[PDB]
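Below you'll find the structure, written out as structure tokens, and then a few comments.
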Amino acid sequence: XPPX
Amino acid sequence: XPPX
Amino acid sequence: XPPX
Amino acid sequence: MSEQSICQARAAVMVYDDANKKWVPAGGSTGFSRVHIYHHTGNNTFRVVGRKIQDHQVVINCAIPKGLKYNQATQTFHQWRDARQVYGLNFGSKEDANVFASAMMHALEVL
Amino acid sequence: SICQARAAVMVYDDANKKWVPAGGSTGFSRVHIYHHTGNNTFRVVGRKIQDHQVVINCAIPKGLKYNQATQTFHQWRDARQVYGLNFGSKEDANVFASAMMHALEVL
Ligand SMILES: [Cl-]
């Protein structure tokens with residue numbers, strides 16, 4: 001997942 | 001995308 | 001809501 | 001009838017811009033939405049649907065497939081993948097995040 | 001079958017932050033894009049060369065983002081996991097991506  |  |  | 005809302009949460013719906021490595025507002029403009037998980041009882045399917053509060057824009061309408069990985073990256077930012085995009089929910093509160101995650105986890109269990 | 005390429009098929013292990021061999025078995029697969037002409041749909045299918053285990057069978061939906069991370073490692077997402085193809089050569093990569101990019105255009 002991408003980071004926020 | 002996760003790296004290889 | 002609209003349908004899927 | 002034919003779908004039931006199993007939760008509602010206030011959240012800023014985002015999508016990940018892969019080219020620019022940043023999150024952008026889903027549907028093109030900032031602001032909070034009302035985001036539901038809807039369950040179709042006849043087919044036992046689920047989807048996430050959300051409308052912007054200010055102008056009612058439909059900003060998310062995506063199926064929740066069996067096996068989906070729902071990542072609770074932080075207490076107020078949760079995310080998941082589909083083939084086209086990564087979706088993120090930036091919840092208005094920890095409580096909104098909790099109610100939505102509880103319902104998502106239930107859906108994924110019964111899929 | 002609109003293409004065939006030689007690649008190590010990988011999936012991303014979310015828990016351990018690492019790529020693992022698709023299906024649990026190391027080694028190369030022959031990877032195809034298949035076109036169902038009756039429905040105008042596409043899917044990716046791959047079989048281990050050595051033992052023909054089917055290690056990937058993935059629909060290609062309209063709008064899929066196919067990322068060419070390097071000249072020989074391409075990847076894409078679905079809800080369940082991230083898929084990777086570590087191609088044996090730049091030529092295998094370009095043949096497969098060309099077909100993928102065409103499939104995505106005609107969906
Ligand atoms: Cl960002």
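Ligands are numbered from 1 in the order shown, residues from 1 within each chain, and chains are lettered A, B, ... in the order they appear in the structure tokens.
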
Which residues sit within 7 Å of ligand 1, counting only C-alpha atoms and all ligand atoms, listed as a VMD selection string?
-> (chain A and resid 4) or (chain D and resid 21 to 23)

9 Å contact set for range 100-109 of chain D, only C-alpha atoms, chain neighbours under 5 positions out, as a tab-separated table (two decimals) with N, CA, C and O atoms, in the first residue's frame:
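Saved to out.tsv:
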chain	number	residue	atom	x	y	z
D	6	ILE	N	-24.90	-0.71	5.98
D	6	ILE	CA	-24.42	-1.32	7.22
D	6	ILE	C	-23.53	-0.38	8.03
D	6	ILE	O	-23.17	-0.71	9.16
D	7	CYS	N	-23.16	0.77	7.48
D	7	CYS	CA	-22.49	1.79	8.27
D	7	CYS	C	-22.50	3.08	7.47
D	7	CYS	O	-22.73	3.09	6.25
D	8	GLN	N	-22.21	4.17	8.17
D	8	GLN	CA	-22.01	5.48	7.60
D	8	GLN	C	-20.92	6.17	8.39
D	8	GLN	O	-20.91	6.10	9.62
D	9	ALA	N	-20.01	6.84	7.69
D	9	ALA	CA	-18.95	7.59	8.34
D	9	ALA	C	-18.66	8.84	7.53
D	9	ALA	O	-18.86	8.86	6.32
D	35	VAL	N	-19.88	8.47	3.75
D	35	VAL	CA	-19.43	7.24	3.12
D	35	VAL	C	-20.12	6.05	3.79
D	35	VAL	O	-20.10	5.92	5.02
D	36	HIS	N	-20.74	5.21	2.98
D	36	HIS	CA	-21.47	4.03	3.45
D	36	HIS	C	-20.82	2.77	2.91
D	36	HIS	O	-20.21	2.77	1.83
D	37	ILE	N	-21.00	1.67	3.64
D	37	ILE	CA	-20.93	0.35	3.04
D	37	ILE	C	-22.36	-0.14	2.86
D	37	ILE	O	-23.15	-0.12	3.81
D	39	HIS	N	-24.84	-3.31	1.52
D	39	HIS	CA	-24.88	-4.76	1.37
D	39	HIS	C	-26.10	-5.13	0.53
D	39	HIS	O	-27.23	-4.82	0.91
D	45	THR	N	-23.27	-9.24	-1.88
D	45	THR	CA	-22.18	-8.39	-2.33
D	45	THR	C	-22.20	-7.11	-1.52
D	45	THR	O	-23.22	-6.75	-0.92
D	46	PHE	N	-21.07	-6.42	-1.51
D	46	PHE	CA	-20.90	-5.18	-0.77
D	46	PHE	C	-20.24	-4.15	-1.68
D	46	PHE	O	-19.44	-4.48	-2.56
D	64	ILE	N	-16.58	-4.17	-3.10
D	64	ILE	CA	-15.69	-4.75	-2.10
D	64	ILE	C	-15.60	-6.24	-2.42
D	64	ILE	O	-16.50	-7.01	-2.03
D	65	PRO	N	-14.58	-6.69	-3.14
D	65	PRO	CA	-14.49	-8.10	-3.49
D	65	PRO	C	-14.03	-8.97	-2.33
D	65	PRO	O	-13.36	-8.54	-1.40
D	66	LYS	N	-14.40	-10.25	-2.43
D	66	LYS	CA	-13.94	-11.23	-1.47
D	66	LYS	C	-12.42	-11.22	-1.48
D	66	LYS	O	-11.81	-11.15	-2.55
D	67	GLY	N	-11.81	-11.18	-0.31
D	67	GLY	CA	-10.36	-11.19	-0.21
D	67	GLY	C	-9.69	-9.83	-0.13
D	67	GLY	O	-8.47	-9.77	0.00
D	68	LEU	N	-10.46	-8.75	-0.22
D	68	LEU	CA	-9.88	-7.41	-0.18
D	68	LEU	C	-9.10	-7.20	1.10
D	68	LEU	O	-9.53	-7.58	2.19
D	69	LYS	N	-7.92	-6.59	0.96
D	69	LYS	CA	-7.07	-6.22	2.09
D	69	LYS	C	-7.34	-4.76	2.46
D	69	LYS	O	-7.05	-3.85	1.69
D	70	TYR	N	-7.88	-4.55	3.66
D	70	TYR	CA	-8.24	-3.22	4.14
D	70	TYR	C	-7.18	-2.79	5.15
D	70	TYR	O	-7.06	-3.37	6.23
D	72	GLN	N	-5.55	-0.40	7.75
D	72	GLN	CA	-5.77	0.69	8.70
D	72	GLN	C	-4.41	1.33	8.98
D	72	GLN	O	-3.75	1.07	9.99
D	78	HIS	N	-7.60	5.03	6.47
D	78	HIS	CA	-7.66	3.64	6.02
D	78	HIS	C	-7.70	3.60	4.50
D	78	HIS	O	-8.14	4.56	3.85
D	95	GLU	N	-13.73	8.11	15.80
D	95	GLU	CA	-14.95	7.34	15.96
D	95	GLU	C	-15.54	6.98	14.61
D	95	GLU	O	-15.97	5.83	14.39

Residue 23 in chain E environment, 10 Å, only C-alpha atoms, sequence neighbours closer than 2 positions dropped, as a PDB file with N, CA and C atoms, in the first residue's frame:
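Resulting contents of out14.pdb:
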ATOM      1  N   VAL E   9       6.881 -15.061 -11.743  1.00  0.00           N
ATOM      2  CA  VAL E   9       5.642 -14.452 -11.277  1.00  0.00           C
ATOM      3  C   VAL E   9       5.720 -14.314  -9.764  1.00  0.00           C
ATOM      4  N   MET E  10       5.524 -13.092  -9.280  1.00  0.00           N
ATOM      5  CA  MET E  10       5.661 -12.746  -7.875  1.00  0.00           C
ATOM      6  C   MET E  10       4.350 -12.170  -7.362  1.00  0.00           C
ATOM      7  N   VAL E  11       4.118 -12.317  -6.058  1.00  0.00           N
ATOM      8  CA  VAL E  11       3.067 -11.579  -5.369  1.00  0.00           C
ATOM      9  C   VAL E  11       3.698 -10.951  -4.143  1.00  0.00           C
ATOM     10  N   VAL E  20       7.147 -12.669  -2.864  1.00  0.00           N
ATOM     11  CA  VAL E  20       7.301 -14.117  -2.778  1.00  0.00           C
ATOM     12  C   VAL E  20       6.866 -14.722  -4.105  1.00  0.00           C
ATOM     13  N   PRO E  21       7.340 -15.924  -4.420  1.00  0.00           N
ATOM     14  CA  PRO E  21       6.944 -16.546  -5.689  1.00  0.00           C
ATOM     15  C   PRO E  21       5.460 -16.888  -5.685  1.00  0.00           C
ATOM     16  N   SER E  25       6.119 -21.595  -5.259  1.00  0.00           N
ATOM     17  CA  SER E  25       7.200 -22.348  -5.876  1.00  0.00           C
ATOM     18  C   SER E  25       8.056 -21.415  -6.717  1.00  0.00           C
ATOM     19  N   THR E  26       9.356 -21.407  -6.437  1.00  0.00           N
ATOM     20  CA  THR E  26      10.273 -20.580  -7.194  1.00  0.00           C
ATOM     21  C   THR E  26      10.381 -21.117  -8.611  1.00  0.00           C
ATOM     22  N   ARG E  47       1.874 -20.441 -16.094  1.00  0.00           N
ATOM     23  CA  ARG E  47       2.185 -21.808 -15.693  1.00  0.00           C
ATOM     24  C   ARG E  47       3.675 -21.946 -15.440  1.00  0.00           C
ATOM     25  N   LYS E  48       4.038 -22.586 -14.330  1.00  0.00           N
ATOM     26  CA  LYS E  48       5.439 -22.906 -14.094  1.00  0.00           C
ATOM     27  C   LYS E  48       5.976 -23.723 -15.260  1.00  0.00           C
ATOM     28  N   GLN E  53       2.492 -25.913 -12.866  1.00  0.00           N
ATOM     29  CA  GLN E  53       1.573 -25.362 -11.881  1.00  0.00           C
ATOM     30  C   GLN E  53       1.058 -24.026 -12.390  1.00  0.00           C
ATOM     31  N   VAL E  54      -0.254 -23.835 -12.327  1.00  0.00           N
ATOM     32  CA  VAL E  54      -0.841 -22.534 -12.633  1.00  0.00           C
ATOM     33  C   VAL E  54      -0.654 -21.626 -11.426  1.00  0.00           C
ATOM     34  N   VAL E  55       0.105 -20.548 -11.612  1.00  0.00           N
ATOM     35  CA  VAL E  55       0.454 -19.649 -10.516  1.00  0.00           C
ATOM     36  C   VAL E  55      -0.241 -18.302 -10.605  1.00  0.00           C
ATOM     37  N   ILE E  56      -0.875 -17.977 -11.725  1.00  0.00           N
ATOM     38  CA  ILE E  56      -1.620 -16.729 -11.831  1.00  0.00           C
ATOM     39  C   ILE E  56      -2.738 -16.911 -12.844  1.00  0.00           C
TER      40      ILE E  56
END

Output the contact residues of chain E with respect to chain A at a cut-off of 12 Å, based on only C-alpha atoms, as a PDB file with N, CA, C and O atoms, in the first residue's frame.
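The resulting file, selection26.pdb, is reproduced below:
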ATOM      1  N   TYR E  12       3.160  -9.821  -3.748  1.00  0.00           N
ATOM      2  CA  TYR E  12       3.688  -9.096  -2.613  1.00  0.00           C
ATOM      3  C   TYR E  12       3.051  -9.615  -1.334  1.00  0.00           C
ATOM      4  O   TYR E  12       1.822  -9.652  -1.214  1.00  0.00           O
ATOM      5  N   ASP E  13       3.894  -9.993  -0.380  1.00  0.00           N
ATOM      6  CA  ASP E  13       3.449 -10.487   0.921  1.00  0.00           C
ATOM      7  C   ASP E  13       3.286  -9.253   1.787  1.00  0.00           C
ATOM      8  O   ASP E  13       4.272  -8.651   2.218  1.00  0.00           O
ATOM      9  N   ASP E  14       2.035  -8.831   1.981  1.00  0.00           N
ATOM     10  CA  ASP E  14       1.790  -7.582   2.691  1.00  0.00           C
ATOM     11  C   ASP E  14       2.375  -7.636   4.102  1.00  0.00           C
ATOM     12  O   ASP E  14       3.081  -6.712   4.528  1.00  0.00           O
ATOM     13  N   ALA E  15       2.170  -8.754   4.800  1.00  0.00           N
ATOM     14  CA  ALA E  15       2.590  -8.853   6.195  1.00  0.00           C
ATOM     15  C   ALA E  15       4.094  -8.668   6.355  1.00  0.00           C
ATOM     16  O   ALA E  15       4.546  -7.947   7.252  1.00  0.00           O
ATOM     17  N   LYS E  17       6.319  -7.482   3.992  1.00  0.00           N
ATOM     18  CA  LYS E  17       6.940  -6.475   3.139  1.00  0.00           C
ATOM     19  C   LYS E  17       7.975  -7.096   2.209  1.00  0.00           C
ATOM     20  O   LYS E  17       9.109  -6.626   2.105  1.00  0.00           O
ATOM     21  N   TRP E  76       1.097  -4.707 -11.044  1.00  0.00           N
ATOM     22  CA  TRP E  76      -0.234  -4.112 -11.003  1.00  0.00           C
ATOM     23  C   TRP E  76      -0.930  -4.618  -9.746  1.00  0.00           C
ATOM     24  O   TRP E  76      -0.491  -5.580  -9.118  1.00  0.00           O
ATOM     25  N   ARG E  77      -2.029  -3.958  -9.392  1.00  0.00           N
ATOM     26  CA  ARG E  77      -2.737  -4.215  -8.146  1.00  0.00           C
ATOM     27  C   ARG E  77      -4.078  -4.885  -8.411  1.00  0.00           C
ATOM     28  O   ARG E  77      -4.702  -4.670  -9.449  1.00  0.00           O
ATOM     29  N   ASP E  78      -4.535  -5.681  -7.448  1.00  0.00           N
ATOM     30  CA  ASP E  78      -5.962  -5.923  -7.295  1.00  0.00           C
ATOM     31  C   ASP E  78      -6.229  -5.891  -5.797  1.00  0.00           C
ATOM     32  O   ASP E  78      -5.317  -5.684  -4.991  1.00  0.00           O
ATOM     33  N   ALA E  79      -7.500  -6.034  -5.423  1.00  0.00           N
ATOM     34  CA  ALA E  79      -7.883  -5.828  -4.032  1.00  0.00           C
ATOM     35  C   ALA E  79      -7.166  -6.790  -3.104  1.00  0.00           C
ATOM     36  O   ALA E  79      -6.844  -6.439  -1.961  1.00  0.00           O
ATOM     37  N   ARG E  80      -6.886  -8.000  -3.592  1.00  0.00           N
ATOM     38  CA  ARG E  80      -6.342  -9.060  -2.756  1.00  0.00           C
ATOM     39  C   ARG E  80      -4.825  -8.964  -2.605  1.00  0.00           C
ATOM     40  O   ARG E  80      -4.288  -9.281  -1.535  1.00  0.00           O
ATOM     41  N   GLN E  81      -4.116  -8.527  -3.647  1.00  0.00           N
ATOM     42  CA  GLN E  81      -2.656  -8.561  -3.611  1.00  0.00           C
ATOM     43  C   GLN E  81      -2.090  -7.776  -4.787  1.00  0.00           C
ATOM     44  O   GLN E  81      -2.790  -7.480  -5.760  1.00  0.00           O
ATOM     45  N   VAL E  82      -0.801  -7.456  -4.688  1.00  0.00           N
ATOM     46  CA  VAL E  82      -0.049  -6.850  -5.782  1.00  0.00           C
ATOM     47  C   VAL E  82       0.681  -7.960  -6.529  1.00  0.00           C
ATOM     48  O   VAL E  82       1.296  -8.838  -5.902  1.00  0.00           O
TER      49      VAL E  82
END

Where does DSSP see strand (DSSP E or B) in range 46-101 of chain D, if you list the residues as JSON, numbers by chain?
-> {"D": [46, 47, 48, 49, 50, 51, 52, 58, 59, 60, 61, 62, 63, 71, 77, 78, 79, 80, 81, 86, 87, 88, 89, 90, 91]}

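Picture a line from CA of residue 83 in chain E to CA of residue 31 in chain E; it runs 12.5 Å.
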
Atomic distance CA of residue 51 in chain E - CA of residue 74 in chain E, expressed in Å with one decimal | 23.7 Å

With a distance threshold of 9 Å and counting only C-alpha atoms, extract the residues of chain D near chain C and express them as an MDAnalysis selection string.
-> chainID D and resid 47 49:51 58 61:63

Output C-alpha atoms for every residue in that selection, as a CSV table (one decimal), in the first residue's frame.
chain,number,residue,atom,x,y,z
D,47,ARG,CA,-19.8,-1.8,-2.1
D,49,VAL,CA,-20.5,4.6,-1.8
D,50,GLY,CA,-20.0,8.2,-0.8
D,51,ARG,CA,-21.3,11.6,-1.6
D,58,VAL,CA,-20.7,10.9,-6.0
D,61,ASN,CA,-18.8,3.8,-5.8
D,62,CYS,CA,-16.6,0.7,-5.7
D,63,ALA,CA,-17.2,-3.0,-5.1

Would you please work out which residue, of E:101, E:58, E:106, E:95, is nearest to chain D when using only C-alpha atoms?
->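 Nearest to chain D: E:58.
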
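Atom to atom, CA of residue 33 in chain E and CA of residue 4 in chain E stand 7.0 Å apart.
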
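Residues of chain E that DSSP, applied to the backbone, places in helix (DSSP H, G or I): residues 22, 23, 24, 90, 91, 92, 93, 94, 95, 96, 97, 98, 99, 100, 101, 102, 103, 104, 105 and 106 of chain E.
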
Write out the residues from the selection above, keeping C-alpha atoms, as a short mmCIF file (atom, residue, chain, number, x, y, z; two decimals), in the first residue's frame.
data_model
loop_
_atom_site.label_atom_id
_atom_site.label_comp_id
_atom_site.auth_asym_id
_atom_site.auth_seq_id
_atom_site.Cartn_x
_atom_site.Cartn_y
_atom_site.Cartn_z
CA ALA E 22 3.37 -16.86 -6.91
CA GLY E 23 1.94 -20.20 -5.89
CA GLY E 24 4.69 -20.92 -3.40
CA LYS E 90 13.94 -6.62 -21.72
CA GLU E 91 12.49 -8.21 -24.86
CA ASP E 92 10.07 -10.40 -22.91
CA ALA E 93 9.02 -7.33 -20.90
CA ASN E 94 8.33 -5.18 -23.96
CA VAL E 95 6.35 -7.90 -25.77
CA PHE E 96 4.13 -8.40 -22.72
CA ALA E 97 3.67 -4.71 -21.91
CA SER E 98 2.89 -3.92 -25.55
CA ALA E 99 0.11 -6.53 -25.46
CA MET E 100 -1.12 -5.31 -22.07
CA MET E 101 -1.16 -1.69 -23.23
CA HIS E 102 -3.11 -2.76 -26.31
CA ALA E 103 -5.59 -4.85 -24.30
CA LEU E 104 -6.19 -1.87 -22.01
CA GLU E 105 -6.83 0.38 -25.02
CA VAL E 106 -9.49 -1.89 -26.55
#
